[PDB]
Amino acid sequence: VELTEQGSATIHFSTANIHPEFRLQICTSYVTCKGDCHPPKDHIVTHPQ
Amino acid sequence: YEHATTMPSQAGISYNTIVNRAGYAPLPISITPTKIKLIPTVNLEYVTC
Amino acid sequence: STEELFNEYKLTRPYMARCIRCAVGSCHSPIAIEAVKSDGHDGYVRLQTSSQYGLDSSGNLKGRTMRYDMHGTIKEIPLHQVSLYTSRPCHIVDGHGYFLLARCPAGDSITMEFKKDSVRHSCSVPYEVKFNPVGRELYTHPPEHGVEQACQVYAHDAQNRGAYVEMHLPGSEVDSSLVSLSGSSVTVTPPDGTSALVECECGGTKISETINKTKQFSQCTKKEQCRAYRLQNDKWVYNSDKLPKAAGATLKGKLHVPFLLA
Amino acid sequence: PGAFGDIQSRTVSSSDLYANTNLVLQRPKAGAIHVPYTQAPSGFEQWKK
Amino acid sequence: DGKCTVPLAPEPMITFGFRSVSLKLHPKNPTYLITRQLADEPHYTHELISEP
Amino acid sequence: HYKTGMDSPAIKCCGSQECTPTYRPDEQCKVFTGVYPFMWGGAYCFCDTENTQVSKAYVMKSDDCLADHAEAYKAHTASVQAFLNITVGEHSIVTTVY
Amino acid sequence: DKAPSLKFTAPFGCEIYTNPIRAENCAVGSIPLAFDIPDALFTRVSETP
Amino acid sequence: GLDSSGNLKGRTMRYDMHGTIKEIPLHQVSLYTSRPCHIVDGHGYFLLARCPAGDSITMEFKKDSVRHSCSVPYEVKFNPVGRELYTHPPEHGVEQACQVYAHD
């Protein structure tokens, strides 16, 4: 990910956890990132998990 | 996705509702009844004059 | 008889359409079959063909005549010279417009044939033909006697019922026989008394339309280098999907469908 | 598509027609002028069968 | 050897449910439906379908 | 029974086309690129590629829908009727009774 | 009485091809990778943000 | 493919008749199975035709007033290409690899 002096960075991630909580590692830091996820629309998709 | 609601039968008054999926943008729904017609099945018996 | 044929044959132009199996391989047949309807009961089918029935190449009423387009020239044949068969030989009942009423057995395809000069023109299409018995006895060949029951059959009348098909302005049909070659120069000689749009791409682009007698386009070296589309656009044609479309407003009238189910 | 009522008209003479037959256009064969399509067989004929 | 034109069956009508796919099939010719799971046991099915 | 109607393909040599909006029952339109149409009088276009063909289709009623059609009804509230010979005291009448 | 070919009856979603006879994209097993990376690509903590 | 004398012709069948060799154009020669067949070409002893499925094959022609016919009970097969079982080749579809008796 590109990094600037000050700001916000967006990262796209895929999880199977309904209540995810992981330790995202960046250049040196170890951020603790948590939240809540919700079931998706599609019952069936055309790509593997 | 199946949604269900109950709009009172009153012409000229809008009915606004919202569909909230677990992790998706809310969907606004509006129903505006301009006329509600009740048409009985009538069969002619006779004619008088 | 003359009143039915007014819009059908005052403005007629039979066409040549692609056939997937024409006596050798696939080609452009004069009798290409567009549709076969076999929803009637006693083995009566109504074909729609690129050729036309009941008049001569000039456009005057004739008894039993199949009229077909051959490379731009409208020609004739008697209707008894044409053969039809699905799995066994069929028996043509009548013809009218683009449509032909025949009595056919059941089959997985239908084939139409005729020989005019020396070669055999044929067209076979994979349209399933069905034989539908009437009643609760599943015969295959109609009985000689029994009891009369109501049924729906393709009638032997060509009167104007409520069903119509569209006639459209024909698209320009390319003819490569017009483009001949004088010494290192293409030359377009359109058919006598008929125009030809010569779309010709070589050094300098050429869209010369209004040629009537003969023109020599010496800028272009070989015949295959450019095309000479044939323009008549006086007799209108059915809205076939096996023909090119003419630009602009194309609809020009309605053709009544004969031999309707009755 | 493929079942009774795949095409629907309010009356015989009505100008409206609801059609749902999975009509799908396919690529034309090379060097051929025709319109190749694919659709479910008529539902009226199937119902009659 | 060469290339020849083979037909193209009507597109199946696919309905999705929880761990389920329902196929509605309307063939014009007797058409082969082949099926297999993408796992250690394919459990392949191979059917010829004429009627809807 | 339906009838799949369809317009004549619109062919453009060294060009491109766009789909007309659908206005007919089940109308489908597609512009197939890189076609080389080949009429009875030789090739149609002098243009190896970038030739376009617009093909569209739609559904109509068959020409025999006036006679060979099935009509769907909703039925309710049956109305019973009878045809009676009534004879009362040597007085007779044949009538329809609701 | 051939029965369907391997392209239709193979496990793990394998795709069978010929000339040469091969199976592609089998979703089975795991590839172990061994990396020998020169120190030139590595950057010190001071250089990186 | 060539006449009684031994010179190349367009489409000609050469046949032996009681010791003397005769010729007839190929468009007078017909053959059929359950349904009529269509001759594509001929060469030497061999004839390439387009035939539907049938349990036998018959070959006929007519010279003066006698019809020469020969019927043999050799099964004729129609082999669809792909996974859709058709009895007549479709007007459109998708191109698939097949093997056919080449017209050469």
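Think of it as A, B, C, D, E, F, G and H in the order they're written, each chain with its own count starting at 1.
By definition in this document, a contact is a pair of C-beta atoms (placed from the backbone, for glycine too) under 8 Å apart; a residue touches a chain by one contact, two chains touch by 3 or more.
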item: Chain whose averaged C-alpha position falls nearest the assembly-wide average; value: D
item: Interface with more contacting C-beta pairs, comparing D-H to C-F; value: C-F
item: For chain B paired with chain F, centre-to-centre distance based on mean C-alpha positions, whole Å; value: 31
item: Interchain centroid distance [CA atoms averaged], chain C/chain G, Å; value: 58
item: Separation of chain D from chain G, taking each centre as the mean of its C-alpha atoms, in whole Å; value: 45
item: Centroid spacing, where centroids are CA-atom means, of chain E and chain H in whole angstrom; value: 37
item: Residues of chain H touching at least two other chains; value: 86, 89-94
item: Sites on chain F at which at least two other chains make contact; value: 1, 6-7, 9, 11, 37, 39, 44, 55, 66
item: Set of all touching chain pairs, with the criterion as stated earlier; value: A-B, A-E, A-G, C-D, C-F, C-H, D-E, D-F, D-H, E-G, E-H
item: Interface residues, chain H side, partner chain E - complex; value: 80-86, 89-90, 92-100, 102
item: Partner chain E, residues of chain G touching it in the complex; value: 3-4, 8-13, 27-28
item: Residue ranges of chain E touching chain A (in the complex, touch as defined); value: 16-21
item: Touch list for chain E against partner chain H, complex; value: 1-9, 27, 29-32, 34, 48
item: Chain A contact footprint on chain B (complex, rising order); value: 1, 21-24
